[PDB]
>>> print(open('my_file07.csv').read())   # CSV, C-alpha atoms (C1' of nucleotides)
chain,number,residue,atom,x,y,z
A,7,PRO,CA,62.0,17.9,-12.9
A,8,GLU,CA,59.3,16.5,-15.2
A,9,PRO,CA,55.7,17.1,-14.3
A,10,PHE,CA,53.5,14.1,-13.5
A,11,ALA,CA,50.3,13.5,-15.6
A,12,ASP,CA,48.3,13.9,-12.5
A,13,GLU,CA,50.3,16.6,-10.6
A,14,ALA,CA,49.1,19.8,-9.0
A,15,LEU,CA,50.6,23.1,-10.1
A,16,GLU,CA,51.9,23.8,-6.6
A,17,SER,CA,53.5,20.4,-6.3
A,18,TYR,CA,55.6,20.9,-9.4
A,19,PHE,CA,56.8,24.2,-8.3
A,20,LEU,CA,57.7,23.1,-4.9
A,21,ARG,CA,59.7,20.2,-6.3
A,22,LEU,CA,61.4,22.6,-8.8
A,23,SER,CA,62.7,25.0,-6.1
A,24,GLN,CA,64.0,22.1,-4.0
A,25,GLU,CA,65.5,20.3,-7.0
A,26,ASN,CA,67.7,23.4,-7.6
A,27,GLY,CA,68.6,23.6,-3.9
A,28,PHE,CA,66.4,26.6,-3.3
A,29,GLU,CA,65.2,25.0,0.0
A,30,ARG,CA,65.0,28.0,2.3
A,31,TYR,CA,62.4,30.7,2.6
A,32,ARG,CA,64.7,33.5,1.7
A,33,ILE,CA,65.9,31.8,-1.4
A,34,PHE,CA,62.3,30.7,-2.2
A,35,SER,CA,61.4,34.3,-2.1
A,36,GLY,CA,64.5,35.1,-4.2
A,37,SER,CA,65.0,32.4,-6.8
A,38,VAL,CA,61.3,33.0,-7.5
A,39,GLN,CA,60.2,36.6,-7.1
A,40,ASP,CA,63.4,38.6,-7.6
A,41,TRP,CA,64.4,36.7,-10.7
A,42,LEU,CA,60.9,37.4,-12.1
A,43,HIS,CA,61.3,41.1,-11.2
A,44,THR,CA,64.5,41.3,-13.1
A,45,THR,CA,63.0,39.8,-16.2
A,46,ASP,CA,60.2,42.4,-16.0
A,47,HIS,CA,58.4,44.2,-13.2
A,48,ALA,CA,54.9,42.8,-14.0
A,49,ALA,CA,55.8,39.1,-13.5
A,50,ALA,CA,56.7,39.9,-9.8
A,51,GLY,CA,53.9,42.4,-9.0
A,52,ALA,CA,51.4,39.8,-9.9
A,53,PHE,CA,53.2,37.2,-7.9
A,54,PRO,CA,52.8,36.9,-4.2
A,55,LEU,CA,55.0,34.3,-2.5
A,56,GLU,CA,52.8,32.3,-0.2
A,57,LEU,CA,52.0,29.0,-1.9
A,58,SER,CA,48.2,28.9,-1.4
A,59,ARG,CA,47.9,32.3,-3.1
A,60,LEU,CA,49.8,31.3,-6.3
A,61,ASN,CA,46.9,29.5,-8.2
A,62,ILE,CA,44.5,31.3,-10.6
A,63,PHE,CA,41.2,30.6,-8.9
A,64,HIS,CA,42.6,32.4,-5.8
A,65,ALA,CA,43.4,35.4,-8.0
A,66,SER,CA,41.7,38.6,-8.9
A,67,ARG,CA,41.6,40.6,-12.2
A,68,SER,CA,45.3,40.7,-13.2
A,69,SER,CA,45.5,37.1,-14.3
A,70,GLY,CA,47.3,37.8,-17.6
A,71,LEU,CA,50.3,39.2,-15.7
A,72,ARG,CA,50.4,36.1,-13.6
A,73,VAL,CA,50.3,34.0,-16.7
A,74,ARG,CA,53.3,36.0,-18.1
A,75,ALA,CA,55.2,34.8,-15.1
A,76,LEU,CA,54.2,31.2,-16.0
A,77,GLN,CA,55.5,31.9,-19.5
A,78,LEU,CA,58.9,33.1,-18.2
A,79,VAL,CA,59.2,29.8,-16.4
A,80,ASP,CA,58.3,27.9,-19.6
A,81,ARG,CA,61.3,29.5,-21.2
A,82,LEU,CA,63.7,29.0,-18.3
A,83,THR,CA,62.8,25.4,-17.9
A,84,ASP,CA,62.9,24.5,-21.6
A,85,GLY,CA,59.2,24.0,-21.9
A,86,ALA,CA,56.2,24.6,-24.2
A,87,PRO,CA,53.7,27.4,-24.0
A,88,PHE,CA,50.9,25.4,-22.4
A,89,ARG,CA,52.9,22.8,-20.4
A,90,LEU,CA,51.9,24.5,-17.1
A,91,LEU,CA,48.6,26.0,-18.2
A,92,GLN,CA,47.2,22.5,-18.8
A,93,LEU,CA,47.6,22.0,-15.0
A,94,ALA,CA,46.2,25.3,-13.5
A,95,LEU,CA,42.7,25.8,-12.0
A,96,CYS,CA,40.9,28.8,-13.6
A,97,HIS,CA,37.6,30.7,-13.5
A,98,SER,CA,35.0,28.8,-15.5
A,99,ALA,CA,33.0,30.6,-18.2
A,100,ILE,CA,30.1,28.4,-17.0
A,101,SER,CA,27.9,29.4,-14.1
A,102,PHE,CA,26.9,25.8,-13.1
A,103,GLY,CA,23.5,27.0,-12.0
A,104,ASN,CA,22.1,29.9,-9.9
A,105,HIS,CA,25.3,32.1,-10.5
A,106,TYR,CA,27.5,29.7,-8.5
A,107,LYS,CA,31.3,30.1,-8.8
A,108,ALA,CA,32.8,27.0,-10.6
A,109,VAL,CA,36.4,26.2,-11.3
A,110,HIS,CA,37.9,24.9,-14.6
A,111,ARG,CA,40.9,22.5,-15.1
A,112,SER,CA,41.5,21.3,-18.7
A,113,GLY,CA,38.0,20.1,-19.4
A,114,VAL,CA,36.5,19.3,-16.0
A,115,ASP,CA,34.6,21.9,-14.1
A,116,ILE,CA,34.2,21.5,-10.4
A,117,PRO,CA,32.0,23.7,-8.2
A,118,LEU,CA,33.8,26.0,-5.8
A,119,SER,CA,32.4,24.2,-2.8
A,120,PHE,CA,34.1,20.9,-3.6
A,121,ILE,CA,37.6,22.2,-3.4
A,122,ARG,CA,39.3,20.9,-0.3
A,123,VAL,CA,41.0,24.1,0.6
A,124,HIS,CA,42.3,23.1,4.0
A,125,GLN,CA,43.8,19.9,5.6
A,126,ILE,CA,45.0,18.0,2.5
A,127,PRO,CA,45.4,14.3,3.4
A,128,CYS,CA,47.8,11.8,1.8
A,129,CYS,CA,48.2,8.1,1.0
A,130,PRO,CA,51.6,6.7,2.2
A,131,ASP,CA,51.2,3.7,0.0
A,132,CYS,CA,51.6,5.8,-3.1
A,133,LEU,CA,53.8,8.4,-1.6
A,134,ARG,CA,56.5,5.8,-1.1
A,135,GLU,CA,56.6,5.2,-4.8
A,136,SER,CA,56.7,8.7,-6.1
A,137,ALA,CA,56.8,11.5,-3.6
A,138,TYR,CA,54.9,14.5,-4.9
A,139,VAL,CA,51.5,15.9,-3.7
A,140,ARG,CA,49.1,14.6,-6.3
A,141,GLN,CA,45.9,15.8,-7.8
A,142,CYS,CA,42.4,14.3,-6.8
A,143,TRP,CA,43.1,14.9,-3.1
A,144,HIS,CA,42.0,18.5,-3.2
A,145,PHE,CA,38.5,17.2,-3.8
A,146,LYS,CA,35.9,17.2,-1.0
A,147,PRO,CA,34.0,14.2,-2.4
A,148,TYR,CA,37.0,11.9,-2.2
A,149,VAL,CA,37.8,9.7,0.8
A,150,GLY,CA,40.0,6.7,0.6
A,151,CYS,CA,41.6,5.6,-2.6
A,152,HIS,CA,41.5,3.2,-5.5
A,153,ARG,CA,44.2,0.4,-5.1
A,154,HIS,CA,46.6,0.1,-2.2
A,155,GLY,CA,44.3,-2.1,-0.2
A,156,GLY,CA,41.9,0.8,-0.1
A,157,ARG,CA,41.2,2.0,3.5
A,158,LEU,CA,41.4,5.7,4.4
A,159,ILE,CA,43.6,8.5,3.1
A,160,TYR,CA,45.8,9.2,6.1
A,161,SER,CA,44.1,12.3,7.5
A,162,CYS,CA,45.5,15.6,8.9
A,163,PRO,CA,46.4,14.8,12.6
A,164,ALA,CA,49.4,12.6,11.8
A,165,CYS,CA,50.9,13.0,15.3
A,166,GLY,CA,49.2,15.5,17.5
A,167,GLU,CA,49.9,18.4,15.1
A,168,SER,CA,47.6,19.2,12.2
A,169,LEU,CA,49.2,18.7,8.8
A,170,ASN,CA,49.0,20.1,5.2
A,171,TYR,CA,51.6,20.9,2.5
A,172,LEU,CA,51.0,24.6,2.0
A,173,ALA,CA,51.6,26.4,5.2
A,174,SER,CA,54.6,24.0,5.7
A,175,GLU,CA,56.1,22.8,2.4
A,176,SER,CA,57.5,19.4,2.9
A,177,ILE,CA,56.3,16.2,1.3
A,178,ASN,CA,57.5,13.1,3.2
A,179,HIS,CA,57.4,14.7,6.7
A,180,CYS,CA,56.0,17.9,8.2
A,181,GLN,CA,57.0,20.1,11.1
A,182,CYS,CA,57.5,18.0,14.2
A,183,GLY,CA,56.6,14.7,12.5
A,184,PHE,CA,58.2,11.8,10.8
A,185,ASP,CA,58.5,10.4,7.3
A,186,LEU,CA,55.0,9.2,6.9
A,187,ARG,CA,55.2,5.5,6.3
A,188,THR,CA,52.9,5.0,9.2
A,196,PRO,CA,33.2,0.0,5.3
A,197,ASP,CA,33.4,-0.8,1.6
A,198,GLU,CA,31.6,1.9,-0.4
A,199,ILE,CA,34.1,4.8,-0.5
A,200,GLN,CA,36.2,3.1,-3.2
A,201,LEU,CA,33.2,3.8,-5.5
A,202,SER,CA,32.9,7.4,-4.3
A,203,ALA,CA,36.6,7.7,-5.0
A,204,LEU,CA,35.8,7.6,-8.7
A,205,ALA,CA,35.9,11.4,-9.3
B,1,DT,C1',-1.0,134.4,45.2
B,2,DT,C1',-1.1,136.4,40.5
B,3,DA,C1',-0.2,138.2,35.4
B,4,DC,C1',1.8,137.2,31.0
B,5,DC,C1',2.5,135.3,26.6
B,6,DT,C1',1.9,132.5,21.3
B,7,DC,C1',0.2,131.6,14.6
B,8,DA,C1',16.2,37.2,-16.7
B,9,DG,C1',17.4,41.7,-14.3
B,10,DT,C1',17.9,45.6,-9.9
B,11,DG,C1',18.8,47.1,-4.5
B,12,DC,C1',21.1,46.0,0.5
B,13,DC,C1',24.3,42.9,3.5
B,14,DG,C1',27.8,39.9,5.8
B,15,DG,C1',32.6,38.3,5.9
B,16,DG,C1',36.9,36.7,4.8
B,17,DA,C1',40.4,38.0,1.7
B,18,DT,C1',43.8,40.4,-2.2
B,19,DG,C1',46.3,44.0,-2.7
B,20,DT,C1',48.6,48.3,-1.6
B,21,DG,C1',51.4,52.5,0.6
B,22,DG,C1',54.4,54.4,4.5
B,23,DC,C1',57.9,53.5,8.2
B,24,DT,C1',62.2,51.3,9.7
>>> encode(input="my_file07.csv", output="structure tokens")
Amino acid sequence: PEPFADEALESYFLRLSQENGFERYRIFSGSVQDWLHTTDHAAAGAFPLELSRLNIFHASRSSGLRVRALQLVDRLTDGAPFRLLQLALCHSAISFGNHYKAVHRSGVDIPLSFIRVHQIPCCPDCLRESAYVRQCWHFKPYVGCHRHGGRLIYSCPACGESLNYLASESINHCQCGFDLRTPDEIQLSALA
DNA sequence: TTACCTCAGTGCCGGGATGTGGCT
């Protein structure tokens, strides 16, 4: 699978597992963690399985060991040493005022508080063209979208069941639900 | 009743969370 220019790190990895047929939990644990362990023990010890936990700004001190795991993937998938690292969210070296935590992604630093940790929404009008969870949704200051007739990002309660893509890793549909093919200022607010 | 006998720091404080070691 090739990465998209605007793709989240977790989206790419989910697609990769699935592309190789590693659809189930047990093989997700396996095709990921056990292979890493058998390369070297450190690539696995630094690598918890749950998806939310995988990104750097969720991590503690042993980041370099997690990076080594990214580097093993870079070899396995015929990559480049920074192909994935250009996508990851890391600890900024810049305080952003009053000792706040701030998070750095290839040139843009966004304060910790604007990261939309829970209830990621989606836009069916773009998902039907290329189905992968995209970046710029994880931002708190971002409702609606550019293009697509505007309107609202279709929000978490799709059908009497809260949605996201991390506690339940499907893109087109989630849990009990279906394939989701379901006021004129926010399109300016959208430009983050 | 009586007689006898001695030398730019620092110091708490909450709270949700990352990670680990033992049992099955």
>>> atom_distance(input="my_file07.csv", atom1="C1' of residue 24 in chain B", atom2="CA of residue 35 in chain A")
20.7 Å
>>> atom_distance(input="my_file07.csv", atom1="CA of residue 182 in chain A", atom2="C1' of residue 17 in chain B")
29.1 Å
>>> closest_atom_pairs(input="my_file07.csv", of="chain B", to="chain A", cutoff="12 Å", atoms="only C-alpha atoms (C1' of nucleotides)", output="tab-separated table")
residue	atom	partner	partner_atom	distance
B:8	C1'	A:104	CA	11.6
B:17	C1'	A:64	CA	9.6
B:18	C1'	A:66	CA	7.2
B:19	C1'	A:66	CA	9.4
B:20	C1'	A:51	CA	10.8
>>> write_last_selection(input="my_file07.csv", atoms="C-alpha atoms (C1' of nucleotides)", output="compact mmCIF listing (two decimals), keeping the file's coordinate frame")
# COMPACT_ATOMS: atom_id res chain seq x y z
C1' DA B 8 16.20 37.20 -16.70
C1' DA B 17 40.40 38.00 1.70
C1' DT B 18 43.80 40.40 -2.20
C1' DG B 19 46.30 44.00 -2.70
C1' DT B 20 48.60 48.30 -1.60
>>> residues_around(input="my_file07.csv", residues="range 112-122 of chain A", least_positions_apart="6", cutoff="7 Å", atoms="all atoms listed in the file", output="short mmCIF file (atom, residue, chain, number, x, y, z; two decimals) with C-alpha atoms, in the frame of the given file")
data_model
loop_
_atom_site.label_atom_id
_atom_site.label_comp_id
_atom_site.auth_asym_id
_atom_site.auth_seq_id
_atom_site.Cartn_x
_atom_site.Cartn_y
_atom_site.Cartn_z
CA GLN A 92 47.20 22.50 -18.80
CA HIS A 144 42.00 18.50 -3.20
CA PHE A 145 38.50 17.20 -3.80
CA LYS A 146 35.90 17.20 -1.00
CA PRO A 147 34.00 14.20 -2.40
#
>>> residues_around(input="my_file07.csv", residues="residue 161 in chain A", least_positions_apart="4", cutoff="10 Å", atoms="all atoms listed in the file", output="PyMOL selection string")
chain A and resi 125-129+149-150+168-170
>>> decode(input="my_file07.csv", residues="range 27-84 of chain A", atoms="C-alpha atoms", output="PDB file, in the first residue's frame")
ATOM      1  CA  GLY A  27      -4.915 -10.375   4.902  1.00  0.00           C
ATOM      2  CA  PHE A  28      -3.959  -9.968   8.544  1.00  0.00           C
ATOM      3  CA  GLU A  29      -7.560  -9.060   9.371  1.00  0.00           C
ATOM      4  CA  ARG A  30      -8.121 -10.769  12.731  1.00  0.00           C
ATOM      5  CA  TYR A  31      -7.020  -9.711  16.182  1.00  0.00           C
ATOM      6  CA  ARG A  32      -4.792 -12.674  16.706  1.00  0.00           C
ATOM      7  CA  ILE A  33      -2.972 -12.230  13.442  1.00  0.00           C
ATOM      8  CA  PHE A  34      -2.804  -8.483  14.065  1.00  0.00           C
ATOM      9  CA  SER A  35      -1.087  -9.280  17.298  1.00  0.00           C
ATOM     10  CA  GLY A  36       1.078 -11.792  15.469  1.00  0.00           C
ATOM     11  CA  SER A  37       1.986 -10.390  12.075  1.00  0.00           C
ATOM     12  CA  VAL A  38       2.939  -7.286  13.989  1.00  0.00           C
ATOM     13  CA  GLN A  39       4.411  -8.029  17.440  1.00  0.00           C
ATOM     14  CA  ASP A  40       5.825 -11.546  17.121  1.00  0.00           C
ATOM     15  CA  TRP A  41       7.575 -10.812  13.854  1.00  0.00           C
ATOM     16  CA  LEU A  42       9.099  -7.740  15.519  1.00  0.00           C
ATOM     17  CA  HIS A  43      10.138  -9.836  18.505  1.00  0.00           C
ATOM     18  CA  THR A  44      11.897 -12.301  16.229  1.00  0.00           C
ATOM     19  CA  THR A  45      13.833  -9.510  14.534  1.00  0.00           C
ATOM     20  CA  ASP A  46      14.969  -8.280  17.905  1.00  0.00           C
ATOM     21  CA  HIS A  47      13.412  -8.253  21.379  1.00  0.00           C
ATOM     22  CA  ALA A  48      13.433  -4.419  21.758  1.00  0.00           C
ATOM     23  CA  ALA A  49      11.203  -3.717  18.747  1.00  0.00           C
ATOM     24  CA  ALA A  50       8.416  -5.693  20.518  1.00  0.00           C
ATOM     25  CA  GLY A  51       8.972  -4.616  24.141  1.00  0.00           C
ATOM     26  CA  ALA A  52       8.447  -1.029  23.063  1.00  0.00           C
ATOM     27  CA  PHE A  53       5.393  -2.006  21.020  1.00  0.00           C
ATOM     28  CA  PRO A  54       1.986  -2.401  22.667  1.00  0.00           C
ATOM     29  CA  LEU A  55      -0.716  -3.671  20.338  1.00  0.00           C
ATOM     30  CA  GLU A  56      -3.721  -1.431  20.896  1.00  0.00           C
ATOM     31  CA  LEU A  57      -3.932   1.150  18.131  1.00  0.00           C
ATOM     32  CA  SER A  58      -4.356   4.344  20.158  1.00  0.00           C
ATOM     33  CA  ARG A  59      -1.189   3.506  22.107  1.00  0.00           C
ATOM     34  CA  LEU A  60       1.036   3.164  19.016  1.00  0.00           C
ATOM     35  CA  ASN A  61       1.796   6.867  18.338  1.00  0.00           C
ATOM     36  CA  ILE A  62       4.761   8.728  19.809  1.00  0.00           C
ATOM     37  CA  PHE A  63       2.967  11.492  21.692  1.00  0.00           C
ATOM     38  CA  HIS A  64       1.220   8.791  23.689  1.00  0.00           C
ATOM     39  CA  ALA A  65       4.576   7.309  24.566  1.00  0.00           C
ATOM     40  CA  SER A  66       6.948   7.629  27.472  1.00  0.00           C
ATOM     41  CA  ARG A  67      10.767   7.624  27.520  1.00  0.00           C
ATOM     42  CA  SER A  68      11.728   4.622  25.349  1.00  0.00           C
ATOM     43  CA  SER A  69      10.864   6.290  22.050  1.00  0.00           C
ATOM     44  CA  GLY A  70      14.062   5.290  20.257  1.00  0.00           C
ATOM     45  CA  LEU A  71      13.173   1.627  20.639  1.00  0.00           C
ATOM     46  CA  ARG A  72       9.729   2.280  19.169  1.00  0.00           C
ATOM     47  CA  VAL A  73      11.450   4.043  16.289  1.00  0.00           C
ATOM     48  CA  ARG A  74      13.617   1.016  15.710  1.00  0.00           C
ATOM     49  CA  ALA A  75      10.394  -0.858  15.149  1.00  0.00           C
ATOM     50  CA  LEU A  76       9.379   1.706  12.560  1.00  0.00           C
ATOM     51  CA  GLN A  77      12.756   1.185  10.893  1.00  0.00           C
ATOM     52  CA  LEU A  78      12.216  -2.580  10.658  1.00  0.00           C
ATOM     53  CA  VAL A  79       8.980  -1.881   8.779  1.00  0.00           C
ATOM     54  CA  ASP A  80      10.847   0.534   6.496  1.00  0.00           C
ATOM     55  CA  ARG A  81      13.040  -2.353   5.467  1.00  0.00           C
ATOM     56  CA  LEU A  82      10.270  -4.964   5.191  1.00  0.00           C
ATOM     57  CA  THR A  83       8.064  -2.693   3.100  1.00  0.00           C
ATOM     58  CA  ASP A  84      10.821  -1.484   0.720  1.00  0.00           C
TER      59      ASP A  84
END
